[PDB]
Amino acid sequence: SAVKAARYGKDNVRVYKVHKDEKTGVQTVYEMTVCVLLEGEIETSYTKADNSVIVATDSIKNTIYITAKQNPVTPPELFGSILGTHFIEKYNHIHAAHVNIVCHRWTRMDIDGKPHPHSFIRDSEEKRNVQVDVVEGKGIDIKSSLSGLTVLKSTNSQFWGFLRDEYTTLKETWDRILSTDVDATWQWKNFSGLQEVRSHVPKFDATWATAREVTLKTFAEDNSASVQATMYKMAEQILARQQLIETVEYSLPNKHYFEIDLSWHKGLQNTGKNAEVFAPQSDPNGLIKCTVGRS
């Protein structure tokens, strides 16, 4: 037998960083969870008890903190690229570094209508993420995403005209609730190295902002024919607004809210045009995916 694939490293590394402007007093905080997994000429650690090839995961952890001390942690695309590049440059025998970063929200508080210099609120469990794959000889591949953006619209969602056969019980509808948790990923053009990533730094925050804005506005404004049709519109708009993106992927649960027929109780009318009280369904859920690229 032989090792066909291997990677290893440190997961779930929580990291906070503060920036303090001593002139203005304004402080800014960043909090992440980081995973770094390495690949390379490490097979003998598995096959021969050869630990000499292992950069200890504890050392990978130390390196994450050191790198955060010595570099900006924002945008996460940049920090992940710096971190991944470090491992392939420092260790001859390491040939790929796979860096995942989850960024947690710390939004500055407004107190009495004024932004506070050092107090923050977790205003959403929504995350901003990156997956940065630094592969020796093959540059830097970056996937950026937003996830855990939970939304609901109470009308202007429809679902009719779907296939009907002997397995079908679902009624067509022209007016339903639509709710989802948005997971949206944009995949960047391959970058040749850290210089090229740095050269595009402003585009990372700008493209995240675009993706979020497009997601919310399209969700709110599209009189939706289906989750499929709405998510495609989001993706095509994001592609149109950043040429350095190659694809946009959405993964959307359809978090169902069922009508409750109450007509058995005193003829109460709570369906169709009279539907006011609904039963949110925890499970099961539709799950709708697509990846959109350019033609």
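Note that residue numbering begins at 1 and tracks the sequence as displayed.
Peer 1: Highest mean C-alpha temperature factor of the two stretches 126 to 134 and 110 to 118, which is it?
Peer 2: Stretch with the greater average CA B-factor: 110 to 118.
Peer 1: On average, which has the higher Cα B-factor in the deposited entry, 268 to 276 or 12 to 20?
Peer 2: Result: 268 to 276.
Peer 1: Would you mind finding, among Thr210, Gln158, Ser154, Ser144, the residue with the largest C-alpha temperature factor in the entry?
Peer 2: Among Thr210, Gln158, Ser154, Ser144, the highest C-alpha B-factor in the entry belongs to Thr210.
Peer 1: Is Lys289 in the lowest, middle or highest third of its chain when residues are ranked by C-alpha B-factor?
Peer 2: Lowest third.
Peer 1: Hey, what third does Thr33 fall into on Cα B-factor, ranked over its chain?
Peer 2: Answer is lowest: the recorded C-alpha B-factor places it there.
Peer 1: Please say which third, lowest, middle or highest, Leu149 falls into when its CA temperature factor is compared across its chain.
Peer 2: Lowest third, going by the recorded CA B-factors of the chain.
Peer 1: For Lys255, return the chain-relative third of its C-alpha B-factor as stated in the PDB record: lowest, middle or highest.
Peer 2: For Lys255, whose C-alpha B-factor we compare with every modelled residue in the chain, the answer is the lowest third.
Peer 1: Ranking every modelled residue in this chain by its Cα temperature factor as given in the entry, which third contains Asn190?
Peer 2: Within its chain, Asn190 is a highest-third residue by C-alpha B-factor, going by the deposited values.
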